[PDB]
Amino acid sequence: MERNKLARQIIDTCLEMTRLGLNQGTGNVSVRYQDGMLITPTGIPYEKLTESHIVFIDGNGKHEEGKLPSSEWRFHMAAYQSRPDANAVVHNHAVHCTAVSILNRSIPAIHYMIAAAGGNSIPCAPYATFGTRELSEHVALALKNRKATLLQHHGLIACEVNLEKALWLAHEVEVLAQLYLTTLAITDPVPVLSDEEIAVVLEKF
């Protein structure tokens, strides 16, 4: 659990994300570490990334000297304080999720895998300018009882116990997003599973 092993995984998650069709050189990834977090830097294209580029931001919000952390670092810190169990955070502007956040809609229970994020929906937190404390509060309120949330006019945040499951979850919500937009263009509303049905699935997971 050294710093470089964690930094290598961050980078591999970036590469993997790009390969899955979710990143477009616009996302950012972090892990919980010591009293704060390790995050991707702003400005460096993912493919030029080396272990030594990863940035440490302490619990007070102070970042390592001579390194610029991602421009969206503040809602990574908000996630870690709102959800003590989260150890990794994945943010991207995946097209389908983002398109659903532009309609300012929550993703309802159109598929039983919606339970991976913890309930019968994927919420859409309200718009606030990237990098602000106001955006950070909306994110913290949306992650109180869900592991993933849309961000109106912006994209997605997913958190989990490690980077593997956070990427897995991020991908699953982009599939759910795609399903909802594809079915919504044909019929409105979209048929959903009942709350009873989701409660069984939750128990089963």
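In this text, residue numbers run from 1 along the sequence as written. Under this definition, the rigid core comprises the largest set of C-alpha atoms superposing within 1.5 Å between the forms.
The rigid core fit leaves 26-34 as the farther-lying stretch in 4 other deposited structures of this protein, judged by Cα positions and set against 26-34 and 153-161.
The mean C-alpha temperature factor is higher for 18-26 when 185-193 and 18-26 are set side by side.
Checked against the record, the higher mean CA B factor of 152-160 and 43-51 lies with 43-51. Which of 60, 70, 178, 136 has the largest Cα B-factor in the deposited entry comes down to 60.
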